[PDB]
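Residue numbers (the numbering used here), protein chains in the order written: chain A, 65 to 134; chain B, 10 to 70; chain C, 19 to 81; chain D, 577 to 644; chain E, 104 to 392; chain F, 311 to 597; chain G, 311 to 597; chain H, 104 to 392.
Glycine included, every Cβ here is placed at the ideal spot set by N, Cα and C.
The next block holds one structure in the form of structure tokens; read it before the comments.
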Amino acid sequence: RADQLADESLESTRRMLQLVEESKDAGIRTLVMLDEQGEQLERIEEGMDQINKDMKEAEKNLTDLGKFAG
Amino acid sequence: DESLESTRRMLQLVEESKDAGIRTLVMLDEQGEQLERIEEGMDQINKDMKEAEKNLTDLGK
Amino acid sequence: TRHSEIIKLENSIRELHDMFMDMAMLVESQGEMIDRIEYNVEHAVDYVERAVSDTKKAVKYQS
Amino acid sequence: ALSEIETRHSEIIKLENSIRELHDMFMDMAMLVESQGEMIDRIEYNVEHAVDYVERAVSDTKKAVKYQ
Amino acid sequence: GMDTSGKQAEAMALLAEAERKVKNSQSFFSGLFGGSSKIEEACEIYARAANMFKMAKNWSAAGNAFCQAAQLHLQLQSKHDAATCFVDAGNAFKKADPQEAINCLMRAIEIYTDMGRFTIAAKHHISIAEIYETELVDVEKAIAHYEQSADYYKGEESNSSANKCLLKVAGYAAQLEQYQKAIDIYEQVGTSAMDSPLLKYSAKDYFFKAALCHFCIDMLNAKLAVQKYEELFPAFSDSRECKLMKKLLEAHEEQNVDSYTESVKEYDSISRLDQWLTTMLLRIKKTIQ
Amino acid sequence: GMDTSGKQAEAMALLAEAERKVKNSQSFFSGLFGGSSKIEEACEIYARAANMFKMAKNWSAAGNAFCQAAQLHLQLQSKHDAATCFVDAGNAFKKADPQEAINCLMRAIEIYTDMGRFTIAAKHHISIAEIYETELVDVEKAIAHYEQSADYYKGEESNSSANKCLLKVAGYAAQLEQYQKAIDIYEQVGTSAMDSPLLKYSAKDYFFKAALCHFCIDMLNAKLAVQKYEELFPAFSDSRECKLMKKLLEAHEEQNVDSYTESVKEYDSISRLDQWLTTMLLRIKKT
Amino acid sequence: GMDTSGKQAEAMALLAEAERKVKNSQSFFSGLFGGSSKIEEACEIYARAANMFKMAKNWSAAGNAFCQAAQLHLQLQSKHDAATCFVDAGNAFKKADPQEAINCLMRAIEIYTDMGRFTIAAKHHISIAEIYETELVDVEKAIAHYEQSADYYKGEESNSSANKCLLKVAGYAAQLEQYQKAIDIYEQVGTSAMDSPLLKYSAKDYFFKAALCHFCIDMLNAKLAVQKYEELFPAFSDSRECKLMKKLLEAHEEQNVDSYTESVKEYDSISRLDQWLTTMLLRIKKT
Amino acid sequence: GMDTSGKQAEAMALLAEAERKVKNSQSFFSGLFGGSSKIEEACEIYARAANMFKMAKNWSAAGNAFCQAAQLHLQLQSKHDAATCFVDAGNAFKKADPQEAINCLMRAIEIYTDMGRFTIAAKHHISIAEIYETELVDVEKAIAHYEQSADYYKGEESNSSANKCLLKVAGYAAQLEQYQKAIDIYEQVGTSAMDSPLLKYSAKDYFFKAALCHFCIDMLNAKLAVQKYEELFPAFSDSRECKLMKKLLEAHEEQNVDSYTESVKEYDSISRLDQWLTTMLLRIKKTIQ
């Protein structure tokens, strides 16, 4: 029965090696990828808060100016 | 005998990884869901601001 | 018994591989959305700043 | 047969290592993406508030212009 | 609940108030000529009534009020707000009347593309196709909407969304439509992922699908395409799908249904089916004679 | 800042010159009636005084200043600013004394509902539910808040958030032994998750939980329910959950404690359990 | 189909009214001095005409209209809108004829850098490099654009973005029988990946490549490089790459071509190679 | 470089124009009135020149121009533009000479905290801490900056950033500072994570670090701490970290170098070790006597 033992062992080792390495490299590429989205989100957050401040101050000063005119 | 306990360890690690990857999928999905709403809000504000400022500038003339 | 447990391992590893195949496309699509939203917000900020500044100077200096 | 079992011992060692690398790897994933989720929530809230504020701003400014 | 009944009562009251407001608005335009405020305040009343009415759990009249307010706002040369209200009315009608929601969303799509926004139009097209196919049994219109959405996405180099739409369209075509479009789209999507930063190994499945379609056409085309993909894409050579396809083809060659049945059974036992490959395999088996 | 208390005293004085401003409202605005912007800057000083109170870690003073600024500013105008100030006061009150945070959040909820903003309203509803859970002991009010938030989410097709809120509600109800609601929710969410591929891997857990809830009430119907689940999903039996449930129910026919005790111990040997399942099993298997 | 034909018909109509607009607007400016609103209106007419040309599936004329709008607008003393129009024209010209897309994208980059924003400039540089690489064979211009983009990214502390460009440049330089640049980039990136809590796994990979290219010169230098890298990276010997390289060195020492080829084939069998590595190995085997 | 040569030539020309504009500012402040607009134009040209300097690789000149523009703009009753220009100057000074970057960043922090934006202030605090640790050989100011950033983060409910900041500061203090703080923060983070399903099955490592910190000072307290940990966290007993510590303390009690050394060498076989744990073990071993 050692023939089936050897055949199944060879099949098992090959499949485990290939699947393990593939899953490894896969997750690896995801790891490398995530940081780009992280920094993009940081930059957009900076930009949006800048927009908010600028527009708020502009409108409040403009309401003040309109009140002064009237 | 060591092979059997090693198999037990492999089962434990594999099932833990799967049970956590499933919720990783879930939370990735909610992030994707949030993205569309935020983008739609951004486009709407841009559209409104552009029309407003251009109309006011035209009226200024 | 070894055959049964290795078949279980076969199952589990296959599902793990399929799950990564699933995560990949979703993550890439999220990134694709992120780039476009970033571009649009940068355009919006630039336009808002310049328009408001120029209009304010023009409507403040004529007096 | 002895060489076969030795190779399988090497294989089990490699499998332990790789499952010892993937587990920690996934934990890193989980923490980083949770941080990203929190921060996207914050930015979305701020964006929606800005949208509402600017909409009411244009409404009020146009009404004031109408008064003129 | 008291909240419901009160909401509906005040909604009827404010709808009557809006109607009398618009009629008095038409009267006053000639009587005093106050401009166009009267109509805009009427539209605000309409919008508030509609929103609080859809809080009353009632949808159809909420969407009707949304559409009426949007029309009375668009008649004042204001378009973007009217289009957003059209989209909101379509969302409300989604659970009330599919036809009205579809019409309002088509109006929104056309006005948006007239403005020049393609991504929003494509998203609305995808929503239209999804709602059309999920509840109403029909595909061809859904296929056209998906193709239009993919075209709009490709117009602005949105590769991922267009790829997903083309994949879905090709799958639908293969299930029902002729296999030439499916073959072309599947092969193109599979070959557009050889340098994928994260999907360097997923295209194999797509290739397999293409091969299956070829084997749906003829055995000669099946083998020729399998070879072409074998040489063109070396990695697919070591894929399990390649061995399975070779075994199935060689079994079908000699007309031994037992070999084909055992091959498919062992493949399914090794790995679970997907409910789309099984029907294809059953169709192939039906033509074993 | 640990040494920023001199300017927080000066900020009590800033709120005091806001008091001088309301004194102007009392007497001086007769000639300064056009000074509505003056009231606005009074609110502005209010806000920044409150802000440095927040910087000084005086949560009670910061919340009081926030509420005062909200009340002064909500002069039937700029309701959005009043709502933002109220939610800021609620967040400041979250620590220390959160009771008044509840009422201010309720007011902001009402303001947003009148305006028509729903996601923020449901998020604040979840916030009040969780602050009830973690600080107070009331759960029924938390249940009502979760139900209302899930209704708001489902109104706009926000399926996933409402599904998770309903899952939490079902867990609480099972803890509160209202099994009909729990089974209905666990199985509505399971059947909804199984519909799309992206979540078909999760339905098993929901089904198993629903089966336990069903097995809690009627033993005789538990077999029929599990058979219905198995036939509904062909790949439900293969999961260890269905096999373990079958073992438990078939061993329960005869009064042998050892059988189910060893079954649960063997299952626990592969992975640790949680408080909910262990408590449910301990309560149920007693009889 | 009919949609495109109509769009094209009314678009030609709109271009007729647009040329009428520009002519009559300059005439009205000369004869009445109405300001500058008419020029802006002509600009928006050009923009919508270009957009409907794009909807009509005519990219050349749409890009021409975009460029005309951009030049007229910048003539109106406004850049950001002009830059947006220029980049839109470049995107329209990307397909069909990209030659003028190169020049218009360079103008967009120039205006962006004159304003002083770097990230968009680097993005456009890498886009132009990709255009050169995919559509043309002049790899030198691609190298110049890639290195300029890398300089921009590194100057703005975007190390991750710079590393990709550096790797691309190193690979391209190694392709054109220049190894100093490739060696320097490979070793620098390998060293920079030493202490990365994430990238450490791949620190070896880059190193390996360097040695291979470093072997293109002679044998003893390759041995010195591998041993030095091994001392620098104590774990580098664990991987098979070192074993394979030692096999190659020992086989090549004694003119054992057969063992060299058999080891290469075995490594291919266990793990297949790419075009770059295969070509480099065959070139090395040539001597 | 010809490109850089012409770039520097035009930069010098713009510097001459900036000198003209500053003399114009002084003339409009002492000779004319309403110079606010003129000095705003001066600021605009200053920003243009400084950004071009940054493009020209002259980091010092770009930073100096940005700082001068900021300080000139401060006089116009405006603060946020000053904050942006100051942070830009600090970013320019990050490379080359970062010392003045520290002070300008402190000014920006003061302005931001005066305004109210806590999160940006905390981000700048951690940036200051990281630059200080990477380029300045001193840790106490880093340990301080990490603490304020952690306070800012946890005060605004941002839990994850605060948790990582506390963990990093405590881990760094453990190396060169008394271990009571290390124990406190490690225990706090572990207990907070235990309930949370994120770090619950990784908190074992934090418990291991806390156990080592206890082990360094004295034996009995370490035994009490590890017993308390395994009591509170039953799944910690089976952990590979608990058997390690038990054998290690058994060896240490008997005062046998070989057993401890060979045990640590074995445990190394699994993965390897880290720069901190090896030093930790060596330090505690050196005092075996």
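**OP:** Thinking G/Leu-477 and G/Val-499 are a contact (beta carbons under 8 angstroms), I'd like their distance in whole angstroms, please.
**Re:** Correct: roughly 7 angstroms between the Cβ atoms.
Subject >> Positions along the region 324-338 of chain E whose CB lies within less than 9 angstroms of some CB in chain G >> reply: Those would be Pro-337, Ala-338, in chain order.
Subject >> B/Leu-65 versus D/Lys-638 - alpha carbon distance >> reply: Between B/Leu-65 and D/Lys-638, the C-alpha separation is close to 8 angstroms.
**OP:** Could you tell me whether any Cβ in chain D is nearer than 9 angstroms to the Cβ of A/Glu-75?
**Re:** Nearest CB-CB separation between A/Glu-75 and chain D: not below the 9 angstroms threshold.
Original post:
Looking only at C-alpha atoms, which of F/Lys-533, F/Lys-464, F/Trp-369, F/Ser-340 sits nearest to E/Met-158?
Top reply: Of F/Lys-533, F/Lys-464, F/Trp-369, F/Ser-340, the residue nearest in Cα terms is F/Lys-464.
Original post:
Start and end of the alpha helix (DSSP H) containing F/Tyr-489?
Top reply: For F/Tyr-489, the uninterrupted alpha helix (DSSP H) segment begins and ends at 489-505.
Original post:
Do the region 145-157 of chain E and the region 115-128 of chain E make contact, defined as three or more Cβ pairs closer than 8 angstroms?
Top reply: Counting C-beta pairs with one atom in each stretch, the region 145-157 of chain E and the region 115-128 of chain E have three or more that are closer than 8 angstroms, which means they touch.
Original post:
Hey, would you say F/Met-362 sits closer than 9 angstroms to F/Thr-394, going by beta carbons?
Top reply: No, Cβ-Cβ distance for F/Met-362 and F/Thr-394 is not below 9 angstroms.
Original post:
Which runs of the alpha helix (DSSP H), 4 residues or longer, sit entirely within the region 194-255 of chain E?
Top reply: The qualifying runs are 201-218, 221-238.
**OP:** For E/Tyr-370, return the contacting residues in chain A, with the cut-off set at a CB-CB distance below 9 angstroms.
**Re:** Simply none; closest approach about 15 angstroms.
**OP:** Specify, as a first and last residue, the run of the alpha helix (DSSP H) that G/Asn-566 falls within.
**Re:** Per DSSP, G/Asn-566 is not a residue of any alpha helix (DSSP H), being assigned neither H nor E.
Original post:
Taking the continuous alpha helix (DSSP H) assigned at F/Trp-369, which residues delimit it?
Top reply: Segment 369-383, the alpha helix (DSSP H) holding F/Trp-369.
Original post:
Grouping DSSP H, G and I as helix and E and B as strand, with all else coil, what is F/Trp-586?
Top reply: Assignment of F/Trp-586 by DSSP, reduced to helix, strand and coil, places it in the helix class.
Original post:
Taking the alpha carbon of H/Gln-251 as the point to measure from, which residue in H/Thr-237, H/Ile-286, H/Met-209 has its own alpha carbon closest?
Top reply: Closest by alpha carbon: H/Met-209.
**OP:** Step through the CB atoms of chain C and report whether any lies within less than 9 angstroms of the CB of B/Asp-38.
**Re:** Against chain C, the CB of B/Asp-38 has a partner CB under 9 angstroms away; the residue lies at that interface.
Original post:
Relative to chain A, which residues along the region 579-590 of chain D have a C-beta separation below 8 angstroms, given in chain order?
Top reply: Within the region 579-590 of chain D, the residues whose Cβ lies closer than 8 angstroms to any Cβ of chain A are, in chain order, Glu-580, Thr-583, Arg-584, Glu-587, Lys-590.
Original post:
Going by the beta-carbon positions, is the gap between A/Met-80 and C/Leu-34 smaller than 9 angstroms?
Top reply: With contacts defined by Cβ atoms closer than 9 angstroms, A/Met-80 and C/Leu-34 do not form a contacting pair.
Subject >> Continuous alpha helix (DSSP H) assignments of at least 4 residues falling wholly in the region 519-567 of chain G >> reply: Taking 4 residues as the minimum length, the alpha helix (DSSP H) runs contained wholly in the region 519-567 of chain G are 530-542, 550-563, in order along the chain.
Subject >> Beta carbon of E/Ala-285 nearer than 9 angstroms to that of E/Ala-296 >> reply: No, Cβ-Cβ distance for E/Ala-285 and E/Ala-296 is not below 9 angstroms.
**OP:** Round the Cβ separation of H/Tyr-235 and H/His-227 to the nearest angstrom and send it over; I've been treating them as touching at under 8 angstroms.
**Re:** At roughly 12 angstroms, the Cβ-Cβ gap does not stay under 8 angstroms, so H/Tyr-235 and H/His-227 are not in contact.
Original post:
Checking contacts by CB at 9 angstroms: is G/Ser-549 closer than that to chain A?
Top reply: No, because no Cβ of chain A sits closer than 9 angstroms to the Cβ of G/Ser-549.
Original post:
Out of curiosity, what's the CA-to-CA distance linking H/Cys-170 and H/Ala-192?
Top reply: Between the alpha carbons of H/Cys-170 and H/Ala-192 lies a distance of about 6 angstroms.
**OP:** Tell me where the alpha helix (DSSP H) around A/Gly-102 begins and ends.
**Re:** For A/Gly-102, the enclosing alpha helix (DSSP H) starts and ends at 66-133.
Original post:
Mind checking if E/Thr-294 is an interface residue toward chain G, Cβ cutoff 9 angstroms exclusive?
Top reply: By this cut-off, E/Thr-294 is not an interface position.
Original post:
Can you find a CB in chain E that lies within less than 9 angstroms of the CB of B/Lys-70?
Top reply: Cβ-Cβ to chain E under 9 angstroms: no for B/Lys-70.
Subject >> F/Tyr-539 and F/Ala-520 closer than 9 angstroms at C-beta >> reply: Taking the C-beta atoms as reference points, F/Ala-520 is found nearer than 9 angstroms to F/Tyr-539.
Original post:
I think A/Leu-83 touches G/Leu-508, with their Cβ atoms under 8 angstroms apart; what is that distance to the nearest whole Å?
Top reply: Contact annotation, A/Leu-83 with G/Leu-508: C-beta distance approximately 22 angstroms; criterion of less than 8 angstroms not satisfied.
**OP:** Please go through the same chain and pick out, in chain order, the residues whose beta-carbon is closer than 6 angstroms to the beta-carbon of F/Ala-452, but skip the five residues on each side of it.
**Re:** Apart from sequence neighbours up to five positions away, the residues of its chain that approach F/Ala-452 with a beta-carbon distance below 6 angstroms are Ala-439, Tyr-442, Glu-443, ordered along the chain.
Subject >> 8 angstroms Cβ cut-off: residues of chain B touching C/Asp-40 >> reply: What C/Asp-40 touches in chain B: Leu-34.
Subject >> the region 300-320 of chain H: positions lying closer than 9 angstroms to chain D by Cβ >> reply: Close to chain D, meaning a Cβ-Cβ distance shorter than 9 angstroms, are the following residues of the region 300-320 of chain H: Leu-301, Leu-302, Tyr-304, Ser-305.
Original post:
Counting pairs of beta carbons, one from the region 570-588 of chain F and one from the region 344-354 of chain G, are three or more of them closer than 8 angstroms?
Top reply: With fewer than three CB-CB distances shorter than 8 angstroms, the region 570-588 of chain F does not count as touching the region 344-354 of chain G.
Subject >> B/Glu-24: contacting residues in chain C (beta-carbon distance under 9 angstroms) >> reply: Those within 9 angstroms of B/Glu-24 in chain C are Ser-30.
Original post:
Listing by chain order, which chain D residues have their CB less than 7 angstroms from the CB of F/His-390?
Top reply: Within 7 angstroms of the CB of F/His-390, the CB atoms of chain D belong to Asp-628, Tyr-629, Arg-632, in sequence order along the chain.
**OP:** Please confirm if the region 103-116 of chain A is in contact with the region 618-630 of chain D, defined as three or more CB-CB distances below 8 angstroms between the two stretches.
**Re:** Segments in contact, yes.
Subject >> Limits of the unbroken alpha helix (DSSP H) element including E/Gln-111 >> reply: From DSSP, the alpha helix (DSSP H) with E/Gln-111 extends over 105-134.
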